[PDB]
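Student: here are the coordinates; sequence isn't available:
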Ligand SMILES: CCCCCCCCCCCCC/C=C/[C@@H](O)[C@H](N)CO
Ligand SMILES: CCCCCCCCCCCCC/C=C/[C@@H](O)[C@H](N)CO
Ligand SMILES: *C(=O)CCCCCCCCCCCCC
Ligand SMILES: *C(=O)CCCCCCCCCCCCC
């Protein structure tokens, strides 16, 4: 009998443990793998896929194919916002249910650069210039082009190219941010504006739609695996 | 099944044990260290920092900014003590709550040389000579210069230099002393005197203050970690 | 999980076991040894020290400084015994409480040669010859010089030298003897006699004392550690 | 046989392992810049006929004439290939559908949609087993004054939700398999309440991709967009995808084609415009097996 | 991979270790003359501009003229440095305060005290993030017939205690951040009893360093003493200290400057004397980040 | 320096034991008119929601599997009487094998089937299962049918459920209290925790956005509006 | 010869498990009008005083952490009836995850969260946690605010607590008795002992001299006079 002494932890069951255990089906000859297309190796691979943003979660158009369409028009120039959004990838209503947002909710901490892409779905004869902006936290959220202008921004020429990408670079005080709305780890403000205005000729539609997309850049990562609130069994009993 | 035999100690929980245990958050990617200024590697490092002595713990001036000031004057020469103190670094009221004393109270045994420093905060025109003394244990505690003179001592010239350091060298029968008042491990007596007298000119303050400081020398160490009495939860319930 | 199987003995506490156990005071810096004079390495070292025999455990003189003194006199020659003693180092009343006897009682088995020494504490003018004898077991215990003479013996000349040593050589049927009175492992008989007689001149004391001593020789050893009857807590409750 | 290796550390030492058992299953789990814009795993992101190294697109006697190609995608970065270790398989053009200001979307299933296409269909029903990849070419042109955007999605194992709320997984084979005809998406869920005589068919809600997931995320699937402004056609090259090397084409549909209006059709000023969407599909690197008498399905 | 090493012994043999787990966190704790007067860890003891190897003290157009220098200290033995791997940052002189026979002490916070200082302040509010070190120069002269001693303490994360005994951690942003003005210490705790309309501010008791710890021990913090007898000024060189490489200057104050009378001001014979204490502070090796529209705080 | 993506690797993502089911058994007083209760569970990842949603991020998967069993028991009646320690038998009945009809019967002899005899109060039971699929990968979604309706044969025969392959994929877990009927009754519960080891996944999918409604992809009226109200120009 | 400073090294100083909290749970009779009690504790070192005072010798710290759990139970009523051995579930709910509302609910499925299933009567449970801070070091003191009050926005919105960073730093421990309601009731207690391993500390501070008064540095009237009377010229 080799003399042993039991330590604390003995006989416990930690659901996150990693030990060997006896096989119930000994000598079982497994079916070989085949080269199935589309293998995934990391959840972050998925987070890097651009999925479409539910921007207009307005009362009447949420939970409908409309929530995805941001409407624009040939209207006169204004310095007022086309859309205002907060950089809370996991907790903001508009971002939270995107593929990125969903994966972010199985984790507690995130870090990295985000990538926003806008697609102009209006007509070929339509022209215009828009201003896309990102404002790092700590000041009044931008309500006017004049202030959005002052932060990180891009000027998009609709007429020249149909789509436009803007990278929101990782800038944070903390090493990582939390996957919940929390002032301490806030990320800032994304907003879009009319630089000039949408201009169309006669015999052509004066209103059109833009679609928007988000995904993670390759510098991105997450930590502390956790259960999500985005699904449940309330009726369950465990 | 490798044949084993359980020994006494098995399944116990010793709060001072040092064993491995399973990780609850597997593969967690830790945030890297940065070079923060002011790193501490040993509690003794702290004990070696000079902190200020609450000498006058008199009824009316204890627990006030006054307890720190030892008052002197241009009065005529006397062989009576300016201040009398016992070398009980952890248990004497005056020493016990200093940084050294506080650390000493998380431990049971101490050993090493102590270092006392006095700062003269009177005016530039003030002059004088003081005698600082240390008397190893075993005799009547010094009440007069005449007897303090006989032990380890230093003569401080106020006029020439504003501050003065005296090292109380480790001298003990036992290898270590206890961090509690106990005759068996007593350390002796520190006392201060007027060698000549404080002398000032006209138009200048006749009374002034000296501040005093203590810390551990680099030959110093402590043993047997323990809980302190210097704080508590009486209301707690454990 | 490395597959193990518990054997008989598991979880038991044997008071004579020898296992490792966790330290309650980790990293504790021990006080160094100093070269203290008088270190003992084996209990047998002590058993080899000559201690004084309580020979006369007579009713009136036992438990007094007298039990140690064997009285002799200038009386006429006789073949009768000065003292009769049994070689039961641990169990005989006279031997049992000597340092040798005491150590022997913390053990079950003994073996080796014993060494008896007699000291003549009478006057310088006193002269005489004594016969010291050892009789291996199995016959009537010697009551007369005539029979003591027949076994292992020494003739001591008091006048020439004040003290006298006799070695009782290990002679036994069994490899070891028990530390209790038992016929099966009996050791035999030590007895002392007048060879000639004690002779003194006039103006000198006609009676005198001899002191006697016992110890173990270096060929001696003991086995099977055990508790002693020579002390107790009757009032104890364990 | 003790295995020593580097511990999972921070960023300022190792551990030991021994396998106690004969079956690998018993084993513990063995845990394993410059430009951010670059994809970690491109193939998972919908590459082009161009983007992996691979105009007149031609199969057998059938041939597409295409300038449009940056508008193509090779699903999972993987090109169709023969079950390794035929001109029945060519381009078939299905019945043209019509896109209007109120269309919610259209769906089809492969091989099903092709079940009646010449020798392909025949080959499918004469054999137990068959496998095939596909080239899906979606055609939809308009004017420079029209606007709108079509989301063309290729879904692997595209299981769709049913019309019932009293019973589950109950859509009939007949209804599940529309053939070329199509099958369509809806804006709202309408539970088949006829208890006694059940409709036994799908009820695919558009914003939920007809399967309980949000349409906005359908892009994690091999896809392509037709933006009327920039392009009039999309080409999806689909590999054989399955949990098996080959399977029953009659019992099981491998791929699902979903076409939804990401942005609604609009024209000049007409209150109600229309434009056609034509699907031309070709089976690829295809092969059949287990010949016998012909399968005559109860399609109705 | 078994690791053998020397046992923790007395002073007149070793043990073996194997790591069973993949994560270092799982690992057991791994346990690691001539002149006594010398410090084991000097840097923890408040060194001089001199004592680590480093008069006209000058930054940009601003410049101190100093003989006094043995009177300087480099906090934690560490000199200010750029966030590695500008003349907005210069010497600003704050409003002079007055030391009297009854002053209990003064406190300030950085960056807060500098929030309105020229381009520095601007830079602070136009950026999300900012970091900076400091040179604090305390000026206080008197005559050879005056006496007294000032304890100048630089405290990292100097959280101060509040005025309430009914609720905790409740001092308002406005009150916590006095700006240049200052903020002052008191001899006694006076609980804000106005329940309904709370003062919501600090109540800093002098002998407790306004934080529940004894003033006599404040010297474990980077400090310097102004003894009127020997010197008229003190210079503290402060590094950026934090749990982060850079942070929000608006939300968080890094360093606290505490000045307390260790020995009370006294002069010749005047029942009530006074002398000025002037603070000149300069931000060092400083850098900002995350530019956008300006922060307009509700300071009141 | 440098952030690692390790905790989001497919293994790390699933490197947790998840409750896939709760089985109930008991051991009643022999007298009792009602039968001794033994459990029969049909193995699946779909009875609970969390592990299911995670797996369904993918179309096809391949993995060795680890099952851990947490057993708890308790007293049913006021009674005040007691019971000696219980031993449980967890038998795996593979598709084809005789399913137990009684706590008592011959099927529990378990000559060829794998059984676990668990002793109450001891460390939770645990075993590993290889990748047991008859296909090259486990299929999380099957857009098809078990069987094809032939024009010729009758309508009823040709019929089958949508999205379902075998009537019995992985067989069942049968559980019983081996101890004999006890005067005072005890009810027990077995919680089955599942963890996928050595895992591979193919063909990604969007997460389930609306409440599950059975084993299939079906959804229920009134559960279809997940998203919250939030105005366009509001941060 | 020569004295070592080893037992006063920062590791040796903290090389002890300290009680950071006591959690109470129970398992009542099913009949009962009142709910079954499960515990929800918000992780912190500040509920007790001793480990807190020791850590606060320093401004910033960095360490892997070891938690050990001592579970004890007992009978509430005179009753005389009994209960079979209890199994406890210690779930860690990280900031963001669904917090349990009932001993019963789905959150306990614990598919992605770490849970410990402890068996009563066995060696105290134990796990290790890495340095989980979102900053480069744990901050023992934060002289600042969670958020800045903007002149523009309203007074209430801009407000926050002094010295506090996230409303939820480390999430919570949720504990329950997995066993079902038992006729006779048992109350249990979980003691959480915390030990910092692999530790580093920066920027030293003086020890707390007066009674703690909440999570912050605040002090209470009437507790401000720690020091004792002792005359100047008296040994
Ligand atoms: C003594 C206990 C032995 C337990 C043996 C369990 C063997 C059965 C394992 C089946 C594992 C099924 C995992 C999920 C499979 C399913 O994805 C699908 N419907 C795939 O085709
Ligand atoms: C199954 C049990 C898993 C238990 C997991 C515990 C993870 C949470 C650990 C948090 C450790 C906090 C230690 C103290 C941190 C604080 O110093 C601060 N307020 C620092 O920013
Ligand atoms: C390679 O493994 C050779 C070295 C092995 C070290 C011997 C000790 C291992 C004890 C467990 C073996 C029995 C487990 C089935
Ligand atoms: C280096 O470690 C090689 C020598 C290892 C000695 C073998 C015995 C160790 C048994 C424990 C290994 C399994 C623990 C995960």
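Tutor: Good, I have the coordinates. Numbers count the residues shown, from 1 in each chain, chains lettered A, B, ... in the order given. Ligands and ions are numbered 1, 2, ... in the order given.

Student: give me the beta-bridge partners of the spatially most central residue of chain D?
Tutor: Nearest to the geometric centre of chain D sits residue D:154, at 2.4 Å (C-alpha atoms, centre = their mean). Taking DSSP bridges as the rule, residue D:154 bridges to residue D:257.

Student: Closest residue of the stretch 151-300 of chain D to ligand 4?
Tutor: Across the stretch 151-300 of chain D, the shortest distance to ligand 4 (C-beta to the nearest ligand atom) belongs to residue D:243, at 34.6 Å. In short, each C-beta sits where N, CA and C put it, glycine included.

Student: if we can go back for a sec, so what's the residue nearest to the centre of chain D up against?
Tutor: Shown in contact with residue D:154 (C-beta atoms under 8 Å, 6 or more residues apart in numbering or on different chains): D:75, D:136, D:221, D:222, D:223, D:236, D:238, D:255, D:256, D:257, D:258.

Student: 6 Å instead, please
Tutor: By C-beta atoms under 6 Å, 6 or more residues apart in numbering or on different chains, the residues touching residue D:154 are D:75, D:222, D:236, D:238, D:255.

Student: can you tell me which of these are in strands?
Tutor: D:236, D:238, D:255 (DSSP state E).

Student: Count the residues that sit near residue A:30.
Tutor: For residue A:30, the count of nearby residues is 14 (other C-beta atoms under 10 Å in any protein chain shown).

Student: do the biggest strand by length in chain A and chain F meet at all?
Tutor: Secondary structure of chain A per DSSP E: the longest strand is strand A:207-216. No. Interface with chain F: strand A:207-216 contributes nothing (C-beta under 6 Å from any C-beta of the partner chain), its closest point being 10.8 Å away.

Student: Say whether chain F is contacted by stretch D:36-45.
Tutor: No. Using C-beta under 6 Å from any C-beta, stretch D:36-45 never reaches chain F; the gap is at least 6.7 Å.

Student: So which elements touch the longest strand of chain A?
Tutor: strand A:70-73, helix A:99-104, strand A:114-120 (3 or more C-beta pairs under 6 Å, 6 or more residues apart in numbering or on different chains; DSSP states H and E).

Student: picking that back up, list just the nearest of the ones in strands among the contacts of residue D:154 to ligand 2.
Tutor: Closest to ligand 2, out of all of the ones in strands among the contacts of residue D:154 and judged by C-beta to the nearest ligand atom, is residue D:255, at 43.5 Å.

Student: Columns distance to ligand 3 on top of the ones in strands among the contacts of residue D:154, output as JSON lines?
Tutor: Below are the ones in strands among the contacts of residue D:154 laid out as JSON lines (distance: C-beta to the nearest ligand atom, whole Å):
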{"residue": "D:236", "distance to ligand 3": "52"}
{"residue": "D:238", "distance to ligand 3": "48"}
{"residue": "D:255", "distance to ligand 3": "48"}
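
Student: just to revisit the earlier point, between the contacts of residue D:154, which has the most around it?
Tutor: These, ranked by neighbours (other C-beta under 10 Å): first place residue D:222, 31 neighbours.

Student: Select the longest helix from chain D.
Tutor: helix D:118-126 (DSSP state H).

Student: relative to strand A:207-216, how tilted is the very next helix or strand once past the longest strand of chain A?
Tutor: Counting by DSSP states H and E, the next helix or strand C-terminal to strand A:207-216 is strand A:221-225. Interaxial angle, strand A:221-225 versus strand A:207-216 (axes from the mean of the first three to the mean of the last three C-alpha atoms, to 10 degrees): 70 degrees.

Student: can strand A:221-225 be found next to chain F?
Tutor: Yes. Using C-beta under 6 Å from any C-beta, strand A:221-225 comes into contact with chain F via A:221, A:222, A:223.

Student: what number of residues lie near the second one?
Tutor: The reference is to residue A:222. When neighbours are counted by other C-beta under 10 Å, residue A:222 comes out with 27.

Student: is it true that it touches residue A:110?
Tutor: Yes. Counting by C-beta atoms under 6 Å, residue A:222 does reach residue A:110; the two are 5.0 Å apart.

Student: Kindly state the beta-bridge partners for residue 71.
Tutor: Using chain A. residue A:209.

Student: was after chain F, sorry
Tutor: With DSSP bridges as the rule, residue F:71 is bridged to residue F:190.

Student: what about the residue in the stretch 51-200 of chain D positioned nearest to ligand 4, distance to chain A?
Tutor: For the stretch 51-200 of chain D and ligand 4, the shortest gap (C-beta to the nearest ligand atom) falls at residue D:76, measuring 37.9 Å. In this view, residue D:76 and chain A are 4 Å apart by C-beta to the nearest C-beta, to the nearest Å.

Student: What is the neighbour count of that residue?
Tutor: 25.

Student: so it touches residue A:38, yeah?
Tutor: Yes. Under the criterion of C-beta under 6 Å, residue D:76 makes contact with residue A:38 at 3.7 Å.

Student: I'd like to know which residues of the stretch 1-150 of chain D are adjacent to chain A.
Tutor: Counting by C-beta under 6 Å from any C-beta, the stretch 1-150 of chain D sits next to chain A at D:20, D:23, D:25-29, D:36, D:38, D:40-41, D:44-45, D:76, D:78, D:144-145, D:147, D:149.

Student: So which of the helices and strands packed on strand A:207-216 is the most surrounded?
Tutor: helix A:99-104 (a mean of 27; mean count of other C-beta atoms under 10 Å in any protein chain shown).

Student: got the contact list for the next helix or strand after it?
Tutor: Per DSSP H and E, the first helix or strand lying C-terminal to helix A:99-104 is strand A:107-111. Outside strand A:107-111, the residues that touch it by C-beta under 6 Å, 6+ apart are A:104, A:176-177, A:179, A:221-226, G:94, G:96, G:134.
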